[PDB]
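A.B. asks: show me the folded form of this:
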Amino acid sequence: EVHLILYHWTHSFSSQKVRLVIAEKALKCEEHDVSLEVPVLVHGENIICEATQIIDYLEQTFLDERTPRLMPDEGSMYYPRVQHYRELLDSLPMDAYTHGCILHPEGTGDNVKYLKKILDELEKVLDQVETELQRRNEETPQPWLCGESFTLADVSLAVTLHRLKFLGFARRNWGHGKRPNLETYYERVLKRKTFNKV
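C.D. replies: Residues are numbered from 1 along each chain as shown. You can find the structure just below:
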């Protein structure tokens with residue numbers, strides 16, 4: 001029971017990731033929606049910016065047995081694998097699918113080529129995730145992406161999937177015969193109560 005402050009943009013993608021971690025870790029936090037772009041966490045005299053650095057801080061700093069851990073031990077068996085999927089998902093340029101990376105009309109020729117690149121990049125990441133979720137299925141007599149416990153890889157995936165639904169990508173990328181494990185996963189995430197709150 002410590003008093004954290006979080007300054008965020010309530011509809012931003014970074015904000016949803018950080019607030020989900022904070023809900024999962026069951027931490028008290030006074031939230032300030034400062035919209036009118038990258039989040040800021042204050043913990044007494046410590047001031048941490050950017051979702052990934054805020055989340056890493058929250059994991060290292062709150063070691064109380066009462067607060068759950070979203071990661072296994074750094075020398076544990078499956079830490080490298082969870083770190084791998086969390087970085088994979090966190091590398092997707094989620095803000096770039098709508099407009100690309102060049103907005104001026106005079107770079108349309110190259111913007112559409114960049115949009116192809118990242119959209120092919122997105123297809124492989126989701127394909128890689130769907131095989132991993134099948135491997136988990138083939139070992140269930142129920143587990144999340146990397147193992148039995150909800151994890152930072154699952155935080156990045158739940159929010160990444162929610163974000164892709166919002167942008168109109170879900171219909172062509174899971175359900176209706178396509179990537180059935182992702183559909184089940186997203187359906188399970190929506191019912192989780194920490195995610196529902198955000």
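
A.B. asks: every contact and neighbour count from this point should use C-alpha atoms.
C.D. replies: Fine.

A.B. asks: which strand or helix spans the residue nearest in space to the middle of the chain?
C.D. replies: The residue lying closest to the centre of the chain (C-alpha atoms, centre = their mean) is residue 156, at 1.6 Å. Assigned by DSSP states H and E, residue 156 falls within helix 152-166.

A.B. asks: can you check residue 116 too?
C.D. replies: Using DSSP H and E, the element containing residue 116 is helix 108-137.

A.B. asks: what distance separates that helix from the centre of its chain?
C.D. replies: Distance, stretch centre to chain centre, for helix 108-137: 15 Å (C-alpha atoms, centre = their mean, to the nearest Å).

A.B. asks: hmm, back to that, for the helix holding residue 156, buried residues please.
C.D. replies: 152-163, 165 (16 or more other C-alpha atoms under 10 Å).

A.B. asks: of those, closest to residue 100?
C.D. replies: Comparing the buried residues of helix 152-166 against residue 100 with C-alpha to C-alpha places residue 163 closest, at 16.2 Å.

A.B. asks: that closest one against residue 13, yeah?
C.D. replies: Yes. Between residue 163 and residue 13 a contact is recorded at 7.4 Å, counting by C-alpha atoms under 8 Å.

A.B. asks: any idea how far the residue located most distally from the centre of the chain is from residue 67?
C.D. replies: Within the chain, residue 106 marks the point farthest from the mean C-alpha position, 33.6 Å out by C-alpha atoms, centre = their mean. Noted for residue 106: a distance of 52 Å to residue 67, by C-alpha to C-alpha, to the nearest Å.

A.B. asks: count of neighbours near residue 192?
C.D. replies: Per other C-alpha atoms under 10 Å, the neighbour tally for residue 192 reads 10.

A.B. asks: residue 118 now?
C.D. replies: 17.

A.B. asks: before we move on, what about residue 108?
C.D. replies: Neighbourhood size, residue 108 [other C-alpha under 10 Å]: 14.

A.B. asks: contacts only, for the closest residue to it other than its chain neighbours.
C.D. replies: Nearest residue to residue 108, sequence neighbours excluded (C-alpha to C-alpha, 6 or more residues apart in numbering): residue 102, at 7.3 Å. Listed by C-alpha atoms under 8 Å, 6 or more residues apart in numbering, the contact set of residue 102 reads 108, 110, 111.

A.B. asks: what secondary structure does residue 102 sit in?
C.D. replies: The three-state label given to residue 102 by DSSP: H, G, I helix; E, B strand; the rest coil is coil.

A.B. asks: gap between it and residue 95?
C.D. replies: Distance of residue 102 to residue 95, given as C-alpha to C-alpha: 12 Å.

A.B. asks: kindly reformat the contacts of residue 102 as JSON lines containing distance to residue 188.
C.D. replies: Output for those, formatted as JSON lines (distance: C-alpha to C-alpha, whole Å):
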{"residue": "108", "distance to residue 188": "39"}
{"residue": "110", "distance to residue 188": "39"}
{"residue": "111", "distance to residue 188": "36"}
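
A.B. asks: what is the burial count for residue 22?
C.D. replies: 19.

A.B. asks: what ranges do the strands span in this protein?
C.D. replies: For the chain, strands defined by DSSP state E occupy the ranges 4-8, 29-33, 40-43, 46-49.
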